[PDB]
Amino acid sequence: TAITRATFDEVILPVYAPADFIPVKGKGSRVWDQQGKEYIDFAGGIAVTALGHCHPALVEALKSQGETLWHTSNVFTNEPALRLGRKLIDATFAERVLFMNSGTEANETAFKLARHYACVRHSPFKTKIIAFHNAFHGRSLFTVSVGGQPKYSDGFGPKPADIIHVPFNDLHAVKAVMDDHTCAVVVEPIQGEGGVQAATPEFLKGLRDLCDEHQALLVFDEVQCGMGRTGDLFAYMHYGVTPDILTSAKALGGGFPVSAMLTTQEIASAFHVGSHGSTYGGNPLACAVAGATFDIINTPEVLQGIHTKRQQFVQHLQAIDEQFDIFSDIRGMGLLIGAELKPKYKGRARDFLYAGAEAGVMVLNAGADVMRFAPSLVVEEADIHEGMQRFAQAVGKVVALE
């Protein structure tokens, strides 16, 4: 009855193809598997462990709140939720927040809100949502239909309608499809899944202008790119384009299942009692942990450190390219890094990831052509050098015949 990679196939729905090793312990930006093999973690569980594994402050918040109160339901409010809400409100454009459990749920709330606001303020026919090719917004039927990857939205029966997709960064295309029957434009300021592509300033400002013109709400999905990832608290702050609604998850709780939807009072008022809800959403345990996380991430020193560390990674990636000639582009913001493979290595991202893991380093992909890095925002310089040397080793092994 030992637990092995084979056990996965016997137990879990076949929706994942997990690695051949099972991480069992983590500390900072290091992880150990069952055999005690050590890995440097540049993946962050896909940009989630923004303060690494078992950060003492987050462990302390978890344990202390864990002794006090976990859950009371939204029949009630609670102190950690209200404290966290205040912090988000003070630090951002938001005037009101709703807490949920996952990015998908935050997006569901955001999209329902944009829909309902249009229904109540303007017209029940103002239903069109504009989104972008390659977008990822979650796995619910509604959110995956707003997502821009048909491979993930096909095959589940009738999709919720009135969603139009155009290319990311194509402002003309957005102008062309938008009208007085449009309720929302939904965009990731950096498409994390779709090759780590950042919105251009003209594009993002243009979305703000078009939403103003058409009385549509601009929704920023900052599930991946928010909570310090870009080296600003939220990516919108880098761009200086303020959305109507913003969603946050992943880094928000440093690994704890939590998410948030942020908006203004005027927009929040379109919801009435019972318009939306959640059993677990905004429970005091999640909110205590996310509070601790927020308090660390939202400091000048940590935010500056994110840029320092980005350049430490970028310098290694450039050195790897000088030696092995494998990258055409190194992009992203802060500690969301994408490195696009040259045409010679098109479709090989998964192979470099696999070789990385063999070499003791966890990395990501962003589609089949792009390597992705989303380490802890406080990853130690020593871990960056050690892990990037392991990665350079993996690259060397892969390109040996080429």
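The numbering used is simple: start at 1 and walk along the sequence shown.
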Between 233-241 and 77-85, point out the one with the higher average CA B-factor as the PDB entry records it. 77-85
Quick note on 262-270 and 110-118: per-entry mean CA temperature factor is higher in 262-270
If I read the C-alpha B-factors straight from the PDB entry, which of 276, 208, 307, 128 is highest? 276
Criterion, highest CA B-factor; candidates, 51, 368, 62, 43: 368
If you rank every modelled residue in this chain by C-alpha B factor, which third holds residue 197: lowest, middle or highest? highest
Lowest, middle or highest third of the chain for the C-alpha temperature factor of residue 300? highest
Among the modelled residues of its chain, the C-alpha B-factor of residue 170 falls in the third labelled middle
Residue 150's Cα B-factor: lowest, middle or highest third of the chain? middle
Third assignment of residue 377 from its chain's C-alpha B-factors: lowest
